[PDB]
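What follows is one structure encoded as structure tokens, with my remarks underneath.
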Amino acid sequence: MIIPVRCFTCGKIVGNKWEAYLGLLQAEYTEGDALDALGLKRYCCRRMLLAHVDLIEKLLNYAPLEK
Amino acid sequence: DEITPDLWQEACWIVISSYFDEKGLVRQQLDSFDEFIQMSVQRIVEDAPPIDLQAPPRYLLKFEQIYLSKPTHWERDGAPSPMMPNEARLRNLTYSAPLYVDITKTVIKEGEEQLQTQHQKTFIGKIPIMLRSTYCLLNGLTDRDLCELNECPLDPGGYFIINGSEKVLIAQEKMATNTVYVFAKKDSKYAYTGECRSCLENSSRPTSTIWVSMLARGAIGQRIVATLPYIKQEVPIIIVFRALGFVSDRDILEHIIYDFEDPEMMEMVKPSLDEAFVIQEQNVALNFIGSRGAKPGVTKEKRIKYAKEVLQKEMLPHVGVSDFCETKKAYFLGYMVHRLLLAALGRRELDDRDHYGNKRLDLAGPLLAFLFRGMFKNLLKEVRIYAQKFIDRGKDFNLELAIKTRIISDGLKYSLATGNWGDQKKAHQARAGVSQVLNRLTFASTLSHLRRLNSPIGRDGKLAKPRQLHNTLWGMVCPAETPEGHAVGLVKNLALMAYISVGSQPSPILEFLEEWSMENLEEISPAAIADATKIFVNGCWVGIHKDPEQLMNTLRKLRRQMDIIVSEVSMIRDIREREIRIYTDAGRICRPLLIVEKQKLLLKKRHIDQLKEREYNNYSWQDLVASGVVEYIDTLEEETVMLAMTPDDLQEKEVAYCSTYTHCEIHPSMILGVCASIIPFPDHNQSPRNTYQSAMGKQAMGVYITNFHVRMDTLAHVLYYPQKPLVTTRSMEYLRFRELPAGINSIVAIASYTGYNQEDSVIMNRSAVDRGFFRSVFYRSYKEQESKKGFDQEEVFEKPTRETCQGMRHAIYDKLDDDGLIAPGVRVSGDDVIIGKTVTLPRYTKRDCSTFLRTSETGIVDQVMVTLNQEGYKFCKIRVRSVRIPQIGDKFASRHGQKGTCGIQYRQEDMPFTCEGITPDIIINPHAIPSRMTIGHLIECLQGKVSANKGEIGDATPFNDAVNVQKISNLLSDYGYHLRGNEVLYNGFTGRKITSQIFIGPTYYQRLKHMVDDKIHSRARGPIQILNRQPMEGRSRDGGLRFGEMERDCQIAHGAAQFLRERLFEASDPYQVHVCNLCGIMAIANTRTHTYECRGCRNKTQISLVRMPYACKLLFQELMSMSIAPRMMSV
Amino acid sequence: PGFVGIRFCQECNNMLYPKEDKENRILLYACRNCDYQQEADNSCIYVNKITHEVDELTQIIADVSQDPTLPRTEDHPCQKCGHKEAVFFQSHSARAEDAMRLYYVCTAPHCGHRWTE
RNA sequence: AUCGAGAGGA
Ligand SMILES: [Zn+2]
Ligand SMILES: [Zn+2]
Ligand SMILES: [Zn+2]
Ligand SMILES: [Zn+2]
């Protein structure tokens, strides 16, 4: 639902790159160039950022249980 | 103007996207229900006859109008409030709306003393509502509005909520009605049989099947007979024709044979005439029909009346049930005989039972209409009895008390709740499997269950013909998605652009045909039918025409302009036989296609331009259909269509194949369904693999729905880190797999590493699993309610106590609160208590009835919900949360039928690594590829390596000539990798290079619901069944495993007699009986006082102890129940 | 030989059955409902073509040339009108074993000539 | 708890 912390394969930290990745994408980067800007050179970490579906943004459309 | 090939792949998919923006994936369910509520209920209410009751005063009670309000709920105080579907799910309510009917009761006694009293909005019942239909509170709501209501915006709807349970109506296949089908049964007295399941336009009775058969050769020739309804004896066709008023043989053959220049037909009908010459007038023929019937009246008068009523009502209702229709019925029965003779003369082909042009899909609307007809008839009956018992006393009555609304309400609710489709009393004549529980395991499973079709041939049937993938399923049913168990080919799935017609009235078409140059059937002379073309509308021969070609041109122009003919109307011109069959009825599966001009598409570039700005200029799919550019073609009209697979087929070629195409595919990949549209490169797999994936995408974990936090589902699996596939098809954009994916992209290496992945198994990375790889959470909901059914005994939620409760287990109840309910966040292990319920007795005055955890779960309480159920006692739902970390024995699958369990997990230092230290997440065995021929797995792995190295999503759409393996390899060689996806790997244990370069890359894997922890089970002297003292059945019952007949046979072959006796006697049900040595019948033993005696023989000394299974004692006693004397003689 | 058709009475419009007049030793067709009789003109009462040597060109109709799903050829021109294009198709009729034979039809409107190679 | 039904696994 949320960006993983580490790459499943190598263990590189990708948790701090989702927001930067999105900011680069709205900056008219291609996904490949964006992944290059964040330093994801192994295709495992590129897999992590490139195949992520941010479902938490949809789960935050529901009001919480307590106000 | 023309769309060039280089733009085509965009244009077509743009068109496809517009379709899914307009329709969706559950459009058939919603349209069926909408037609049922808008039209079918009103038609059913009006088609019921007014109930005239009189002792004197009389009352008619005519029902005239219906009103279906929005779904509401009535509390105990009775305040109506709008009920939201999520509240229905949580509170175990039924998402139903009240149906009110306007009733008109006029008093007529004498002397023109007439006065009408109208009861506006008389509450006649409650009708369950399909979600996201027009009459659903979630109709037209925005995604923000749905999220405000705790609903998922991606939820398709198309299901009902009955008692909190989401129920989905499965479309039921049936042979089309009002159509003549000539078959030939090999083993039967008849050579050829022409059947016609006839049913009037607005259904009020079942389908009345009429058969017109030919007796098999071996008196002199072949005799034609007719098996009329309600008559248990064959009847010659000539007798039926005379009974309809056609006595002269010339008239009968005018109606049967339209071309008198054809002696073959003549000699083949001659035996039937020769067999019916003694009967020569209408009354005598009617008497013969009545005599052959199963109720032969002693007096010929009532025989003739009965025959008249049968031939006017039960024979061919679709032709007309009123009087003076004998001409139409005679023409139609003559057409049936003509079709039979054409089949017997070889001039026409026998009809194919499996052709989907001959089938209809009974959807939610027409199924609920069947229920509503039965239930409204029962309601009117009950009203008749209630009003009769009052007017017999000569006084007025209150219709509000006559209407017991529970008939309609409880009937629809029961039928949708259980699936037994029919009256609750006829629970065995009713057909189950309709209305199943919606599958909420993954979004693909939900979509597929909502697009599920069913062929009710019966799973027991071992004839493969109905299970075969017929040619006519193309574009209408997924070729791949089908269960591989006992229902192969019977349970089917819609193709993506397949639309089941909702139904329409033939009135405008018939009126236009009248205004057009068609000639009615009663006004013509039969001599004109020879060269003319017949015109059937919904099976009824309505007239004839002289130029069928320009008639078809006119009708196609009318349908393409959205004129009087609506889009779903099928219009088939059979040319060799001069019929023109027009269909407007419901259940016709069809699909959209691009119309083709001389040799060009009508879809010009301007349509693609307007479709690109679909969100600004509101140019939608319906504007594409209204432009005459797209057309819905049904299975039966496809027979007359010449399709182009792609616009490339419309190019002029060195040798032209067709050069006269009429339509084009929007894209061939639309022949696949929801679950097959997720397979990447399915045209590079063996088809069984695609079927197995289509079945296994439905057990894959993911996020089954966005609003899973609020749902109290019995079972739910949510994946921690779902990922969209790196290699995807262009159809998942509409399945919403990208928004709710059900897997993870795993670096998979196809290698033989340590031997722990052999025979369909995988080696997973323990380090990856530690990082959340394929981790899931399992949510289990327990429900409970405290019933105050009566003052005799009442249940209540309260923390039990050791001093007052009787059936209190030794498990500790400290985790419960004073309210008797555990609190969220509390860690609960197996056998623990989550709800403390106590029931008052008639360990005193209350017994423990607490709800324990399903054993061996060990979760944490996710949340607790308390509310009131329909009747209004306290009702609790507790959701417990258990994190499932993948382990040895958990089942995983790719999208290519490649399933396997985790054999072992190695840490990152133990796994093999590339020069750049990439270890595989999964290692699968190379031996799973060759026999299976899942080359799509390898192409997906290579495409995924390219996608990950390039920063894109691979296009694995099935039939795409712009993507082949050589292009992908050339792309991969540009990123510094071996072009075929191989890499040098190093042994993780020793660090030495592996001699064989391993094939490794990203592949989309799925974690399936089948985890080993939910399957492991053991027993050693647990509970036993009551009837036969043998181990229980199931893990949940702590039962034992069945040592079956085949195990007995295996151990007999082994010769292991003591092991066989241990398994079948000592480990199952050891027992002792006392037998009389004289009569061999079980005696009476009293081991405390040591007095053994047989009442039969009156002896108490010659008794013997026998060690036998309890099941054998039970057998012998059940035989003695049957007056059999099984005497166990010990000598 | 050729088949024999059914013939009906002129009064009751029922089928005439065969009968023999010994007095003149001549075939008659008489109705067993009314009392009509007629002098036969064929002298043949029944014909069975066991070989089933049926000319399927008679079963074809020119309207089939309007079928978009039939194949068309330019190699077999029409002998009646000279049109180049023509649709062709096989017998596809039961009781015809050697049914790979092709039947051609002229696509010219109002010609509708049918033939076989 | 029973029974039935349905959905699934091999
Ligand atoms: Zn990595
Ligand atoms: Zn005895
Ligand atoms: Zn006559
Ligand atoms: Zn010609």
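Here chain C follows Swiss-Prot for its numbers: 9-125, in order, are the residues you see.
So how was this one determined? The header says electron microscopy, 2.7 Å.
For all residues, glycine too, the Cβ spot is worked out from N, Cα and C.
According to Swiss-Prot, the protein carries these features:
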BINDING   C:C17, C:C20, C:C39, C:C42  Zn(2+) 1 binding site
BINDING   C:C86, C:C89, C:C114, C:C119  Zn(2+) 2 binding site
ZN_FING   C:17-42  zinc finger
ZN_FING   C:82-124  zinc finger
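Features recorded in Swiss-Prot, as mapped to the structure shown.
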residue	record	DSSP class
C:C17	Zn(2+) 1 binding site	coil
C:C39	Zn(2+) 1 binding site	coil
C:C86	Zn(2+) 2 binding site	coil
C:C114	Zn(2+) 2 binding site	strand
C:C119	Zn(2+) 2 binding site	coil
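Neighbours of C:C86 (Zn(2+) 2 binding site), defined as other CB atoms within 10 A of its CB across all chains, total 20. Ranking the binding-site residues C:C86, C:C89, C:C114, C:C119 by the distance of their Cα atoms from the Cα of C:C17 (Zn(2+) 1 binding site) places C:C119 first.
Residue with the densest Cβ environment among the binding-site residues C:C20, C:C39, C:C89, C:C114, C:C119: C:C114, by other Cβ atoms within 10 Å.
Ranking the binding-site residues C:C17, C:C42 by how many Cβ atoms sit within 10 Å of each one's Cβ puts C:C17 at the top. Excluding C:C86, C:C89, C:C114, C:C119 themselves, the residues of that chain whose CB lies within 8 A of the CB mean position for the Zn(2+) 2 site are, in sequence, C:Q87, C:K88, C:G90, C:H91, C:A94, C:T115, C:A116, C:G120, C:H121. Checked against ligand 4, the binding-site residues C:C17, C:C20, C:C39, C:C42 give no residue with a Cβ less than 6 Å away from one of its atoms. Ligand 3 lies under 6 Å from the Cβ of none of the binding-site residues C:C89, C:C114, C:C119.
The residues near the Zn(2+) 1 site, meaning same-chain residues not in C:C17, C:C20, C:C39, C:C42 whose C-beta sits within 8 angstroms of the mean position of the site's C-beta atoms, are C:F16, C:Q18, C:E19, C:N21, C:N22, C:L24, C:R40, C:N41, C:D43, C:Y44, in sequence order. Proximity to chain B, taken as a Cβ less than 8 Å from one of its Cβ atoms, holds for C:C20 among the binding-site residues C:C20, C:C39, C:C42, C:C86, C:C89, C:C119. Separation of the C-alpha atoms of C:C20 (Zn(2+) 1 binding site) and C:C86 (Zn(2+) 2 binding site): 48 Å, rounded to the nearest whole number. For the pair C:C42 (Zn(2+) 1 binding site) and C:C119 (Zn(2+) 2 binding site), the C-alpha distance works out to 46 angstrom. Note: the CA-CA distance between C:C89 (Zn(2+) 2 binding site) and C:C39 (Zn(2+) 1 binding site) rounds to 48 Å.
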